[PDB]
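Read through the structure below, which is laid out as structure tokens, and then see the notes.
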Amino acid sequence: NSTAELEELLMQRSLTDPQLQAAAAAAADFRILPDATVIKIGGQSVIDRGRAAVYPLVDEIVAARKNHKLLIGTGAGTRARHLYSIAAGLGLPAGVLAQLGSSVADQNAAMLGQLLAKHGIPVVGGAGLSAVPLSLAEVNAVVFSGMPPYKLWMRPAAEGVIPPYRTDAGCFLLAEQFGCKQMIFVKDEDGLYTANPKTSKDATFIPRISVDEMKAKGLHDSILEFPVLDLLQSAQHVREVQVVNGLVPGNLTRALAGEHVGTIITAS
Amino acid sequence: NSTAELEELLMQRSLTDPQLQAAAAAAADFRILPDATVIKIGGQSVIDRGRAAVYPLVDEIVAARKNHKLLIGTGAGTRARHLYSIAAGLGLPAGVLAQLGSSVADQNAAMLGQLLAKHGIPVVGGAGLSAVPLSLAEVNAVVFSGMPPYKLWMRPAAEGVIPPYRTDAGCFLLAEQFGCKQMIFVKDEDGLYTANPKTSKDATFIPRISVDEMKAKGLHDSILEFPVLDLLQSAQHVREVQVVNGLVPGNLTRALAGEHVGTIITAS
Amino acid sequence: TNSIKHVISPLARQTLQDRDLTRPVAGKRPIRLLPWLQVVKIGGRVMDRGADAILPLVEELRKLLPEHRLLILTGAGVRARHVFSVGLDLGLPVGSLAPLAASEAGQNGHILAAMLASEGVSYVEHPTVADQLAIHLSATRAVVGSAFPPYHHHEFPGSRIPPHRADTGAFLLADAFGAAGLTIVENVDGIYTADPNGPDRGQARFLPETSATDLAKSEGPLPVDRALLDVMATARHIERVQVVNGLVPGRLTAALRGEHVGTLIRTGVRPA
Amino acid sequence: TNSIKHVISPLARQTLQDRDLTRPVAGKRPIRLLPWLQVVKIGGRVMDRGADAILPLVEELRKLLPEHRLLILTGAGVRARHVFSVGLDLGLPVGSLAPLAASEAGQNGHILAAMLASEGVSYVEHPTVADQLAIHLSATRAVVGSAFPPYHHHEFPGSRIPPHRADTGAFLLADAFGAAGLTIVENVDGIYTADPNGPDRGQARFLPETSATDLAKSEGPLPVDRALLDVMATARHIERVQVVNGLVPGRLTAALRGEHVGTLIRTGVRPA
Amino acid sequence: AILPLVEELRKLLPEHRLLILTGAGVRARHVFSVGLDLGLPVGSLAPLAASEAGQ
Ligand SMILES: Nc1ncnc2c1ncn2[C@@H]1O[C@H](COP(=O)(O)OP(=O)(O)OP(=O)(O)O)[C@@H](O)[C@H]1O
Ligand SMILES: Nc1ncnc2c1ncn2[C@@H]1O[C@H](COP(=O)(O)OP(=O)(O)OP(=O)(O)O)[C@@H](O)[C@H]1O
Ligand SMILES: Nc1ncnc2c1ncn2[C@@H]1O[C@H](COP(=O)(O)OP(=O)(O)O)[C@@H](O)[C@H]1O
Ligand SMILES: Nc1ncnc2c1ncn2[C@@H]1O[C@H](COP(=O)(O)OP(=O)(O)O)[C@@H](O)[C@H]1O
Ligand code: MOO
Ligand SMILES: [Mg+2]
Ligand SMILES: [Mg+2]
Ligand SMILES: [Mg+2]
Ligand SMILES: [Mg+2]
């Protein structure tokens, strides 16, 4: 219709009004960091493995940032599962567990950042909008903690006290917010399988799947947090993600160049 | 010379002693950022206009930073006037209103910085000492919020609870403290008139005026906060300012090159 | 297609510089925020005298805790003079020296608060004082803060010495809060016609009472910031401020009860 | 014209390295800041046991709130061992591992404080503990903090394991405050001559009382940091610290009343 | 008179530790009128007047 229509609705109607919502959906779409890529370094899947997994990926990151702008988010891992176990056993709500897991992702960001410090890559309380380091060809990358900032305001799962939005959703929503061109999950399997490949050996590799097809399979377990699939379908900028095996050298570099090497999960 | 007498006076006298004040005035004058320019992007005059005014000036800023070191301060605008209206209706003092207005200038700095993030320009909490972006030719600019930090310690006006030191004074005092070479106010009129040109038809344009000449006119409205005239007369480094029309393409760029395109207000 | 997007409000579209247009909305005298508060400013030069002066003051403050709700603000003292000597030697501007001097006021506040910690008193930061003084004075009977205002690099130019110092910051807070009073604790009896410790001490005459306007007309040194007199002219609530000798025990206690034991400074506030 | 610009003070011009020159000014025993404070250090391994250990301790702490002014400090536990295993695998220095382990102590503090929130207890941060503990213990009966000290990348070198851990940080705080005592809540009855859960447990003999100096001369494992014994030698106020079994209800309550229910560690403070 | 005084006292509570003591007033004058008419001594009228201060 017009902006004059949107501005009158914005001042006269509730934000829940469908006409206001439809008018706001017609607004322009600005991408803040369109040339950047957000990658998640796995917590339990990578960083918890130690030197044998982190050191090769550190070398790959330093080489890849010559050609790609990187927002490097960290998972949490086994220490968060221990914290979740202690707090769950006490009946603490999901909002309390969320802040406990945030500390573990903070630790992993500190450890990964110290390995990248001599290459100029910093740990940021910003990342997106941390415009200087990304701007510089000598840096071109930052490390951030992958947990969302919901803290006590975390939306709980339908059942249980485990926070449903953790480091997968934290990195993905940052990629979506800043309009990044790609979201890569770096874990310890070739991609999504029909079942957990560590506990089911009849699991088959899934090269590409949609969110609807993925939900129709009724998977018991996943390489990604299930609520991320709904965030993916709701996304405006990042309409697909890739999950790659960080234990195989070159997988991250090839995925950054746009090559399909692991599992691609598409919103549509 | 005699720093020995200055040092003796500093120890044996009150800071109010005219002899101490005179000895301090003879101290050397160091300019922290002599090659930098502070510009204010208008709040009510520019940012409140939205895309039609902000997007062209973003392009000018990105082009201008190749030749000019910029500290980009933001105004507040209509949202601050609403906050001032609510708080004044409750009888809240200027110190409380000052904190409310700072949030609005903060919002504008966030919106402006997000449009500049992909160009490497950050939003800073310490602009004129954020030495690393201003030093790099790849960045050469920072965005900051133009409200002064006085908060509850804001000096009140002689009458009323409106904070007399707002985003004009916040931007000017930054330029003065850091010894910047220039201070440019980017608003929505060609410059200073004898009255508000939006509401007075026989208001005449003033291309150049001194503080003493301006005070002699006793104008009832101005394109700049009136206390800024006294700060300008007291200034050690920034002895003149220019007010330019940011709605006219190229005005900011020409003003950065030293051209007289709007109103020049000189301390003497 | 370039119009300003306004929020409808009594001050919309205004520059806020036209007094005729702002007066109907904001022209009235503000309310008091903490009318039961007593603000006490401790001079930095008093703290500089060490235990000989601090210990009796701490004992006096301790006995005042059950009587008043106190915001205690400390000045900077001689250490700020040294950072001024080094800073001016390096040529630094007045907006650089202002936060450097304020740091010494904060350190004095930490020192004083530590002596009263066993009474539940702690140092609180400026954003805490500005936004959360009410809740902290509900938790304990008194808190300590820095008397310097957070003007920092936005300090006013003109003098190479920061004008908005401890007296000025303490009065700005006290008047903004609408506190019951501000008492300035000095190392002298009050204001004299000359520096009682300077070269003209033989000519110094004590002034039991004066007005801020009369002091502002004067030339020569004072035991209070000259900017204090300027912010007193625009004061909204505080009608008088007393400067008392903190080296004489009991004078602070007396001044907090309205006794005339030092120099009374009348502000510009209208007493009906 | 290159001379040092000094401020006149009893320590002026001194390097502070000459112990004979500093002694007349600073060689004194410090005062107590919070003499009424009781500090309780909860072992991280106690928290690691989950609700089976935390719930009874929470009930004991709940009943202790009206009896004592409590600063409760939590240790790290098994999670810090994992970040050590990962960090050491990555080759990170000891100043890198210190804040990583401290984070687990802070998380244990948030967990414990959440269980006591209905009693008005909250987790407070190190800067708050360092500067504003007095006002917070005036607002509520107890607060929870991390027992680890903020040594961070300034942790002492020598060992690849951070030496200044939860026991050491808790004692440094308790002694600096001049607190009435520090009680260490362990998952064992106290200190034995050997690890009661290790290979030589059959030879482990319980020690009802011991000196920090005799423990420091000993080689082998202990349930407390070895750096705790080093800071006990330089202690200024606390004369004894008791290690009690937090898995036995009532022992923390007894230890806070001075009853001998665990291992007493005598510090370097000689009693009168 | 009582309502404005109560409001002023209310706002004084966070500022001072107050012991508020009330006088007797006109009702003590009446018990004096009756007591003196009955010839009662001064030690009889003192507690009678004090009762009105307590009320
Ligand atoms: N007209 C005057 N009357 C009284 N004292 C004066 C006057 N002029 C100068 N002084 C001097 O000022 C001294 C007080 O110094 P000053 O006010 O700088 O210290 P302070 O207020 O404790 O420090 P701060 O302002 O940092 O808190 C007095 O000891 C006195 O010698
Ligand atoms: N000499 C000893 N006496 C008693 N226990 C010992 C001794 N040596 C080793 N230990 C062992 O140390 C254990 C306690 O471990 P530790 O002190 O590391 O945990 P914690 O103090 O709860 O953790 P944190 O230091 O992170 O708070 C006991 O269970 C015991 O088995
Ligand atoms: N259907 C599935 N396909 C692939 N991997 C799966 C599946 N279900 C579970 N997983 C497991 O999920 C792990 C990655 O998730 P997680 O353990 O949370 O690590 P991270 O800390 O990186 O999130 C992989 O190691 C994989 O074994
Ligand atoms: N004498 C004057 N000369 C020029 N402009 C004036 C004058 N008096 C008022 N104004 C008005 O002041 C406005 C700029 O001030 P303001 O609305 O506060 O903008 P900002 O938020 O950028 O400070 C201009 O839009 C102009 O209409
Ligand atoms: O909008 Mo302001 O607060 O007058 O600069
Ligand atoms: Mg304006
Ligand atoms: Mg003074
Ligand atoms: Mg030295
Ligand atoms: Mg232990």
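Being crowded, with 24+ Cβ neighbours inside 10 Å and within 13 Å of ligand 6 (Cβ to nearest atom) is the filter here, so list the residues in the stretch B:71-124 that pass it.
B:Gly73, B:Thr74, B:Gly75, B:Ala76, B:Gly77, B:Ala80, B:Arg81, B:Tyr84, B:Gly101, B:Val104, B:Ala105, B:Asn108
Would you call A:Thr37 among the hydroxyl-bearing types (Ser, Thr, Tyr) and in contact with a helix residue (DSSP H, G or I) (Cβ under 7 Å, 6 or more places away or on another chain)?
Taking the combined requirement at face value, the residue satisfies it.
Determine if the stretch C:26-41 includes at least one residue that is over 30 Å from B:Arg51 (Cα atoms), within 16 Å of ligand 5 (Cβ to nearest atom) and within 14 Å of chain B (Cβ to nearest Cβ).
Taking every residue of the stretch C:26-41 in turn, at least one turns out to be over 30 Å from B:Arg51 (Cα atoms), within 16 Å of ligand 5 (Cβ to nearest atom) and within 14 Å of chain B (Cβ to nearest Cβ).
C:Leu57 - would you say it is away from chain B (no Cβ under 11 Å) and touching a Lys or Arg at 6+ places or on another chain (Cβ under 8 Å)?
no
Scan B:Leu136, B:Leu115, B:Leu129 and give me the residue that is more than 16 Å from ligand 9 (Cβ to nearest atom) and under 30 Å from C:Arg165 (Cβ atoms).
Step by step, each of B:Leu136, B:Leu115, B:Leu129 is checked, and only B:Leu129 is more than 16 Å from ligand 9 (Cβ to nearest atom) and under 30 Å from C:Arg165 (Cβ atoms).
Given the residues C:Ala170, C:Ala130, which is the only one that is facing chain B (nearest Cβ under 9 Å), hydrophobic (A, V, I, L, M, F, W, C) and touching a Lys or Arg at 6+ places or on another chain (Cβ under 7 Å)?
Going through C:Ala170, C:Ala130 in turn, the sole match is C:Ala130.
All but one of (1) within 14 Å of chain A (Cβ to nearest Cβ); (2) touching a residue at least 60 places away in the same chain (Cβ under 8 Å); (3) more than 23 Å from D:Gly178 (Cβ to Cβ); (4) not acidic (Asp, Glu) hold for D:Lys63; state the number of the condition that does not hold.
(1) is the only condition that D:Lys63 fails.
Out of D:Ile42, D:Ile4, D:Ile8, D:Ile31, which single residue is under 30 Å from D:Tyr123 (Cβ atoms) and more than 17 Å from the chain's Cα centre (by Cα)?
Just one listed residue meets the conditions, D:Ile31.
When the stretch C:85-103 is examined, which residues are found to be under 16 Å from C:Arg165 (Cα atoms) and either within 10 Å of chain B (Cβ to nearest Cβ) or surrounded by fewer than 21 Cβ atoms within 10 Å (Cβ to Cβ) (or both)?
Passing the criteria: C:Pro93, C:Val94, C:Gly95, C:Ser96, C:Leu97, C:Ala98, C:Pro99, C:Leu100, C:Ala101, C:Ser103.
So how many residues does the stretch D:1-29 have that are surrounded by fewer than 10 Cβ atoms within 10 Å (Cβ to Cβ), farther than 25 Å from C:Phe84 by Cβ and free of Cβ contacts under 8 Å to residues at least 60 places away in the same chain?
Residues flagged as surrounded by fewer than 10 Cβ atoms within 10 Å (Cβ to Cβ), farther than 25 Å from C:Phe84 by Cβ and free of Cβ contacts under 8 Å to residues at least 60 places away in the same chain within the stretch D:1-29 amount to 6.
Inside the stretch A:36-86, can you point out the residues that are out of contact with any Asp or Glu (no Cβ under 7 Å at 6 or more places or on another chain) and small (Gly, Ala, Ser)?
A:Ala36, A:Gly43, A:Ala52, A:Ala53, A:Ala63, A:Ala64, A:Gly73, A:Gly75, A:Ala76, A:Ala80, A:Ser85
Name the residues in the stretch C:112-123 that are at the interface with chain D (Cβ under 7 Å from one of its Cβ atoms) and in contact with a strand residue (DSSP E or B) (Cβ under 7 Å, 6 or more places away or on another chain), would you?
C:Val121, C:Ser122, C:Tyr123
Would you say D:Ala113 is farther than 24 Å from D:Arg160 by Cβ and either over 18 Å from the mean Cα position of the chain (by Cα) or within 16 Å of ligand 6 (Cβ to nearest atom) (or both)?
It is false that D:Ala113 is farther than 24 Å from D:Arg160 by Cβ and either over 18 Å from the mean Cα position of the chain (by Cα) or within 16 Å of ligand 6 (Cβ to nearest atom) (or both).
Going through B:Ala36, B:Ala52 one at a time, which residue ends up being more than 16 Å from ligand 5 (Cβ to nearest atom), of a type outside the set (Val, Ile, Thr) and within 20 Å of B:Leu136 (Cβ to Cβ)?
B:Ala36
If you go through the stretch D:95-134, how many residues are of a type in the set (D, E, K, R) and closer than 20 Å to C:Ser138 by Cβ?
Count: 2.
Starting from residues that are out of contact with any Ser or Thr (no Cβ under 6 Å at 6 or more places or on another chain) and basic (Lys, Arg), keep the ones in the stretch D:179-237 and report whichever is farthest from ligand 2 (Cβ to nearest atom).
D:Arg236
Condition check ((1) of a type in the set (A, V, I, L, M); (2) within 9 Å of ligand 3 (Cβ to nearest atom); (3) without any contact (Cβ under 8 Å) to a residue 60 or more places away in the chain) across all residues:
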{"residue": "A:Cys171", "(1), (2), (3)": "no, no, no"}
{"residue": "A:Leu174", "(1), (2), (3)": "yes, no, no"}
{"residue": "A:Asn196", "(1), (2), (3)": "no, yes, yes"}
{"residue": "A:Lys215", "(1), (2), (3)": "no, no, yes"}
{"residue": "A:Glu225", "(1), (2), (3)": "no, yes, no"}
{"residue": "A:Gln242", "(1), (2), (3)": "no, no, no"}
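Of all residues in the stretch C:229-256 being part of a helix (DSSP H, G or I) and of a type in the set (A, V, I, L, M), which is farthest from the chain's Cα centre (by Cα)?
Going through the qualifying residues, I end up with C:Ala254.
Scan the stretch C:175-196 for residues that are buried (at least 23 other Cβ atoms within 10 Å of the Cβ), within 11 Å of chain B (Cβ to nearest Cβ) and among the small types (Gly, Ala, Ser) and jot them down.
C:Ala176
Name the single residue that is farthest from C:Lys5 (Cα to Cα) among those in the stretch A:1-58 being exposed (fewer than 12 other Cβ atoms within 10 Å of the Cβ) and under 30 Å from the mean Cα position of the chain (by Cα).
A:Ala52
In the stretch C:239-250, which residues are more than 10 Å from ligand 1 (Cβ to nearest atom) and surrounded by 22 or more Cβ atoms within 10 Å (Cβ to Cβ)?
Of everything in the stretch C:239-250, those that are more than 10 Å from ligand 1 (Cβ to nearest atom) and surrounded by 22 or more Cβ atoms within 10 Å (Cβ to Cβ) turn out to be C:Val241, C:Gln242, C:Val244.
Name the single residue, out of those in the stretch D:197-224 being farther than 12 Å from D:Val243 by Cα and crowded, with 19+ Cβ neighbours inside 10 Å, that is farthest from ligand 1 (Cβ to nearest atom).
Looking at the filtered set, the residue picked out is D:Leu215.
Suppose we filter the stretch A:6-51 for residues that are on the phi > 0 side of the Ramachandran plot and assigned to a helix (DSSP H, G or I); how many remain?
0
Could you check the stretch B:165-180 and list, in sequence order, the residues that are at the interface with chain C (Cβ under 9 Å from one of its Cβ atoms) and more than 13 Å from ligand 4 (Cβ to nearest atom)?
B:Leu173, B:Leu174, B:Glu176, B:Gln177, B:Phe178, B:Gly179
Closer than 30 Å to D:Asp89 by Cβ, away from ligand 7 (no atom under 16 Å from the Cβ) and among the polar types (S, T, N, Q): does that describe D:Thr168?
Here the answer is yes, as D:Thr168 does meet what is asked.
Helices (runs of 4 or more DSSP H) wholly in the stretch B:52-150 with at least 2 residues that are within 13 Å of chain A (Cβ to nearest Cβ), of a type outside the set (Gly, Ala, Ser) and more than 28 Å from C:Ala235 (Cα to Cα) - which ones?
It comes to B:94-116, B:131-135.
Every residue, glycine among them, receives a Cβ derived from its backbone with ideal geometry; neighbour counts consider all protein chains shown. Bear in mind these aren't lab numbers, they're just calculated from the coordinates by the rules spelled out.
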